[PDB]
Amino acid sequence: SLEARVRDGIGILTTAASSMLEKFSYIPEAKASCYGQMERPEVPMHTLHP
Amino acid sequence: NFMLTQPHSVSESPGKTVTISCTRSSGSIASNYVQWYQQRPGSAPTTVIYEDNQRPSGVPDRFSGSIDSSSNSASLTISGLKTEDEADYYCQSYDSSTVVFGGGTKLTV
Amino acid sequence: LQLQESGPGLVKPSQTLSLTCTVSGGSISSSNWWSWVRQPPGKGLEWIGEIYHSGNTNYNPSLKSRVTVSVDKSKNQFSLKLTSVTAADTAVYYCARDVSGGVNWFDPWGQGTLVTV
Amino acid sequence: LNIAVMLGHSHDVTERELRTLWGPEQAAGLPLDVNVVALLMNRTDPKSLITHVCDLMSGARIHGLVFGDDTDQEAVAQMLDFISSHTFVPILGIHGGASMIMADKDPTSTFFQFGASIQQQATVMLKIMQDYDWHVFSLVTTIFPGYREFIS
Amino acid sequence: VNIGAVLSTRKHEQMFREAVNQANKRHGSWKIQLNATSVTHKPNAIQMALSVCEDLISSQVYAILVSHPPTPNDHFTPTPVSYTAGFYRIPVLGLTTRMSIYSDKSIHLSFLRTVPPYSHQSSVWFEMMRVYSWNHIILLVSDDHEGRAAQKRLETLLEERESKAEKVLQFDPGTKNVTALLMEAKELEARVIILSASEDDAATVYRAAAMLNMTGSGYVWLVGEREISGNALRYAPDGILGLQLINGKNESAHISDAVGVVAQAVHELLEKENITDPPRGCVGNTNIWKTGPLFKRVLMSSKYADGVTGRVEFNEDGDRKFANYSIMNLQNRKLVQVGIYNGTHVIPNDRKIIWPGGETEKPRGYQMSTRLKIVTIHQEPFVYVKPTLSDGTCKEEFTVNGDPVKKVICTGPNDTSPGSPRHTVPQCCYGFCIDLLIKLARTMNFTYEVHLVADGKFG
């Protein structure tokens, strides 16, 4: 049921975040706003893709 | 097709440090590197520098080329001015269509 | 590997002028080219064209319909067949070798002539 | 952290407390502090979706999304991927709309689905056929997007 | 109707308006007529999509024309435009976007291109080796989508002749040292390279292979349309047979052809049984078109064989077929045309091709090598194996007739016991099989480099 799927998604996100924090905790903040003037996209490291 | 600018000339006292630069109008000097030719008066021109990094054997190390890659202006260094190097200096490059030369420049010591 | 241009002073107007060049100490049976940089007096330079040792040429697109360049290994010399010479042709013609390699860089040049009309 | 949630107002309509589901923990721990922001969208439209997503991103400074819709359009999945590409926020679909797996994403896109690729369906079919001892067959396929991968 | 478009600059918008005016003058509609609205490229990604959806479907458009700005991004406008235009299944038209990802009509539901994609040029490769007596290739490839697509297309097109490619070496994109792959490809027997990658990777591989004497005599290259442009035309060796396109960065002719095709299609479609109007508003209606797929189906099958860029004929997946490439050689850093491609044929011109090196011949695509590394095992009565002494030889024995036996230096392992790694001591092997090999090598005039196997199993 979707009630379990939402819990599973929140759990996987929380587990990934907690692992990253326990490893090299550098939690980046939000990406300002979707619309703006100009912003060069350059992620510092691979946040949670791998 | 484009054109390289060496306006008319340069002159300085002996022992100074001044050299003309090659400016490219269209495109950028990053792919087709330029060469500098020396033309003594009353004689056929002879090469002085090529690729701005390799030097013909026997030529003094006074000359040294460089590429700015910023405003499309290749530069040269002839520091250690003296009398015997009075000649004409030319800048030549090429592209996918033709090969072109500079205007001309004579140094006075 | 020394180049010498034949035509001493032929400056007849409204005709066909054909300077000829020969090379001593070098054989055209190589992987090089030969160019005919033209030097106007009191101004800059202007490349004309080049001919490979065997089959094909490469002229400047501007004056691409008035110059034909040929070579011959038997007599070991190359020459042009410039037609429709005008009053703007009063320039000394040279004869210079280049090196194929990976660069367009001319080898030791020729002596030059004094063909001005 | 701060994780947002979204729903399509399907037959699973509930309140904020019911949708939150968060208790003292999840299964065994994870003491990192999190919170759930419950939203609701009646109809899915490109302009409305963009506005909602990147106006919510300008508020609580979210760090994820569990967008699950109830409509039927692959363009919803494409829009979600495109939004994720230029925002650097991890998004993962769970139901209905963002649950049809697309062929290939962009090299710098973080958007993970929950369905099954064509390879898994093909291998399940082959396993069933081997199990029931049907070792002879002939597949017929009309021309349709992605039919080259299946035959190969 | 209310056909819109997205262009690059104001002058191109004026050209589009003039073209639509001329098209309407040629044929005038009954009551609805033909309008023309245009916008500009505002680079913000999200802002672009919002603006296009609002300003276009707010005006109830029928088809959108999108062009590629000269910014070296290769993705720009089409990716944001196509998703929004495919939500409602309205058909869009591409002008100068040659990327090979949009040819997969599963992510992009609605997209039509006027110029053939990169992968299609791979077909020309085959024709290049049709009339040249060439049937051995070691083609390189990148690792992005375009390289994999090109390799798959060439492999699936090479099965008609029942031939097979030699090696399919690939390198990771954006690398900095590709000497290993070139070293591996050097020790082979085929002399045709079909390198195809990005510009920076092309320059990197050119510089890496220049130091390996890979640009010598009898090494014919073959290079796509991307690896000779802007930057890679500086480091490339002489003799590469790069390709090109005739009607490339020429927006006027492409716009004229596109508007002609669109007008013909809309005039064909306007007479039908069931017709529905486009939705109004960027927001609101969330229901797809009921006539969109029919519009695409009737647009694809349009043999509008009269224009300014030649016959326009589409294909099954929504591309342009029957293009006209101009084969182009590189002689002394001066590109010159040396051929013509007109469709399933090649017509050589009156110019002599100069191959890498500088020979004027037809370099062969094969080499015999004649090294013949040979594997063998120690059975018992066929191939004896005995350890060698510290003298560079094995021994010197005799027979009943006093004829000395024949021995060879044997490169095998010494790890019979499990766990211990192989020592690769050069032991000695001789016997029946070795003598047969000696006689065979003497007869056929070649050489052997006998060496044992590692595992020691019959296979």
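Residues numbered from 1 in each chain as written, not as in the entry; some residues may be left out. Chains lettered and ligands numbered in written order. Part of a larger assembly, values for the part shown. Heavy atoms only, no water. Residues with missing side-chain atoms left out of burial classes, pairs and counts.

### Re the arrangement of the chains
Then, number 1: The assembly contains six pairs of chains in contact; the pair sharing the most contacts is chains A and D.
Then, number 2: What separates chain A from chain C at the closest point of their C-alpha atoms is a distance of 37 Å, and the two make no contact. (Contact = heavy atoms within 4.5 Å.)

### Quick notes on the state of the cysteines
Residues and elements named next belong to chain C.
Then, number 1: On inspection of all chains with the given rule, the structure shows six disulfides over all chains.
Then, number 2: Here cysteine 21 engages in a disulfide with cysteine 95; their sulfurs sit 2.0 Å apart. Handedness of the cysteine 21-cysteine 95 disulfide follows from its S-S torsion of about -105°: it is left-handed. Taken together, the positions of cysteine 21 in strand 2 (residues 20-24) and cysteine 95 in the loop between strand 9 (92-93) and strand 10 (96-99) put the pair 74 residues apart, joining distant regions of the chain. (Disulfide = S-S within 2.5 Å. Helix = DSSP H or I, 4+ residues; strand = E, 2+ residues; numbered from the N terminus.)

### Thoughts on the sheet that holds strand 9 (residues 99-101) of chain B
All names here are of chain B.
Then, number 1: Taken in spatial order, the four strands line up as 5-4-8-9 in an open sheet, and their pairing is antiparallel. The open sheet has two free edges, formed respectively by strand 5 (46-50) and strand 9, since each of these has just one partner strand. Averaged over all pairs of adjacent strands, the angle between their axes in this sheet comes to 25°, without regard to strand direction.
Then, number 2: Here three bridges tie strand 8 (residues 88-94) to strand 9, and the two strands are oriented antiparallel to one another. Residue pairing in the sheet places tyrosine 94 in a bridge with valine 99 of strand 9. (Pairing = 2+ DSSP bridges. Axes fitted to C-alpha atoms, helices over the stretch in contact; angles between N-to-C directions.)

### Here we look at the interface of chain D and chain A
Then, number 1: Contacts between chain D and chain A engage 26 residues on the former and 22 residues on the latter.
Then, number 2: Looking at the side of chain D that touches chain A, the elements that each hand over two or more residues are strand 1 (3-5) and helix 2 (46-56) of chain D.
Then, number 3: Classifying every residue of the side of chain D that touches chain A gives 17 nonpolar, seven polar and two charged. (Nonpolar A, V, L, I, M, F, W, Y, C, P; charged D, E, K, R; others polar.)

### Structural notes on the UniProt feature "disulfide bond" in chain E
Residue and element names in this part refer to chain E.
Then, number 1: In textbook terms, a disulfide joins two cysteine sulfur atoms at less than 2.5 Å, and UniProt's bridge between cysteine 394 and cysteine 428 fits this description with an S to S distance of 2.0 Å. One end of the pair, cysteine 394, is in the loop between strand 14 (383-386) and strand 15 (408-411); the other, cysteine 428, is in strand 16 (residues 426-431), with 34 residues separating them in the sequence. One exposure class covers both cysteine 394 and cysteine 428, and it is buried.
Then, number 2: Checking the UniProt disulfide annotation for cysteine 410 and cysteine 429 gives a sulfur-sulfur distance of 2.0 Å, short enough (under 2.5 Å) to count the bond as formed. Residue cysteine 410 is found in strand 15, and its partner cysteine 429 is found in strand 16; the two are separated by 19 residues along the sequence.
Then, number 3: Here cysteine 429 falls in the buried class, since its relative accessible area comes to 0%. (UniProt positions renumbered as here; feature names shortened; annotations may be inferred. Buried < 20%, exposed > 50% of the residue type's maximum accessible area, 1.4 Å probe, protein only.)

### Notes on the packing of aromatic side chains
Then, number 1: Enumeration over the complete set of coordinates arrives at 21 aromatic pairs over all chains.
Then, number 2: Aromatic pair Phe24(A) and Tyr26(A): ring centres 5.5 Å apart, planes at 70°, arrangement edge-to-face.
Then, number 3: Plain terms: the ring middles of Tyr384(E) and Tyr430(E) are 5.6 Å apart, the flat faces sit at 45° to each other, and that makes the pair tilted. Taken as a pair, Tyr384(E) in strand 14 and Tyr430(E) in strand 16 lie far apart in primary sequence, 46 residues in all.
Then, number 4: Of the residues examined, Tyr384(E) reaches a relative accessible area of 40% and is grouped as partly exposed.
Then, number 5: Residue classification places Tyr430(E) among the buried residues on the basis of a relative accessible area of 15%.
Then, number 6: Among the aromatic residues, ring-to-ring pairing joins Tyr37(B), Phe101(B), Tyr94(C), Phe106(C) and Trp109(C) into one connected group.
Then, number 7: Against the face of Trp47(C) rests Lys334(E), its NZ or CZ located 5.5 Å from the ring centre.
Then, number 8: In this arrangement the basic side chain of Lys407(E) is found over the ring face of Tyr430(E), its NZ or CZ atom lying 5.0 Å from the centre. (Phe/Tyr/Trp six-rings, centres within 6.5 Å; stacked < 30°, edge-to-face > 60°. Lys NZ or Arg CZ within 6 Å of the ring centre and 35° of its normal.)

### Quick word on the interface of chain E and chain C
Then, number 1: Contact with chain E, which involves 10 residues of that partner, is made by 11 residues of chain C.
Then, number 2: For the side of chain E that touches chain C, the per-class residue count stands at two nonpolar, four polar and four charged.

### Observations concerning the packing of helix 1 (residues 10-26) of chain E against helix 8 (residues 251-269) of chain E
Residue and element names in this part refer to chain E.
Then, number 1: Relative orientation of the contacting elements helix 1 and helix 8 amounts to 35°, with a least axis distance of 10 Å. Between helix 1 and helix 8 lies a crossing whose hand is right-handed. On helix 8, the residues touching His12, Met15, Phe16 and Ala19 of helix 1 are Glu251, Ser252, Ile255 and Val259.
Then, number 2: Of the residues belonging to the contact of helix 1 with helix 8, the class tally is five nonpolar, two polar and one charged. (Left-handed = near helix turned anticlockwise from the far one by under 90°.)

### Side note on the nonpolar core
Then, number 1: Counting 47 residues, the largest nonpolar core has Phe82(D), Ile64(E) and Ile90(E) as the members making the most contacts within it.
Then, number 2: Sorting the residues of this core by element identifies helix 2 and helix 3 (74-85) of chain D together with helix 2 (46-57), strand 3 (64-66) and helix 3 (78-87) of chain E as the ones contributing at least two each.
Then, number 3: Every residue in contact with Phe82(D), bar those within four places of it in the chain, is listed here: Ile50(D), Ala45(E), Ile46(E), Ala49(E), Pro80(E) and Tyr83(E). (Core = buried A, V, L, I, M, F, W, Y, C linked by side-chain atoms within 4.5 Å.)

### Quick look at the side chain of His41(E)
Residue and element names in this part refer to chain E.
Then, number 1: Inspection of the secondary structure puts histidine 41 in the loop between strand 2 (37-39) and helix 2.
Then, number 2: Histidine 41 sits in the buried class, given a relative accessible area of 14%.
Then, number 3: Within the local environment of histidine 41, its side chain forms a polar contact with the backbone oxygen of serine 67, the two atoms lying 3.4 Å apart.
Then, number 4: Sequence-distant contacts of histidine 41, defined by excluding residues within four places in its chain, comprise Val6, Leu7, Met48, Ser67, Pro69, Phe76 and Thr77. (Polar contact = N/O pair within 3.5 Å; in protein donor to acceptor, adjacent residues only side chain to side chain.)

### Here's the deal with a nonpolar patch on the surface
Residues and elements named next belong to chain D.
Then, number 1: A contiguous nonpolar patch, built from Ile118, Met125, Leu126, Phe137, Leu139, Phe150 and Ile151 and spanning about 710 Å² of accessible area, is present on the exposed surface.
Then, number 2: Contributions of two or more residues to the nonpolar patch are made by helix 4 (118-131) and helix 5 (147-151).
Then, number 3: In terms of residue count, helix 4 provides more of the nonpolar patch than any other element does, three residues in total.
Then, number 4: Tracing the chain through its elements places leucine 139 in the loop between helix 4 and helix 5. (Patch = residues over 30% accessible without salt bridge, like charges linked within 9 Å, V, L, I, M, F, W, Y side chains within 5 Å. Areas by Shrake-Rupley, 256 points an atom, 1.4 Å probe, with all protein chains shown as cover. Salt bridge = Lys/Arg side-chain N within 4 Å of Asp/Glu carboxyl O.)

### Observations regarding the environment of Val61(E)
All names here are of chain E.
Then, number 1: Residue position: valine 61 is located in the loop between helix 2 and strand 3.
Then, number 2: For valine 61, a relative accessible area of 1% gives the class buried.
Then, number 3: In sequence terms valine 61 and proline 279 are 218 residues apart; their C-alpha atoms lie 8.8 Å from each other.
Then, number 4: Beyond its immediate sequence surroundings of up to four residues, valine 61 is in contact with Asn2, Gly4, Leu56, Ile90 and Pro278.

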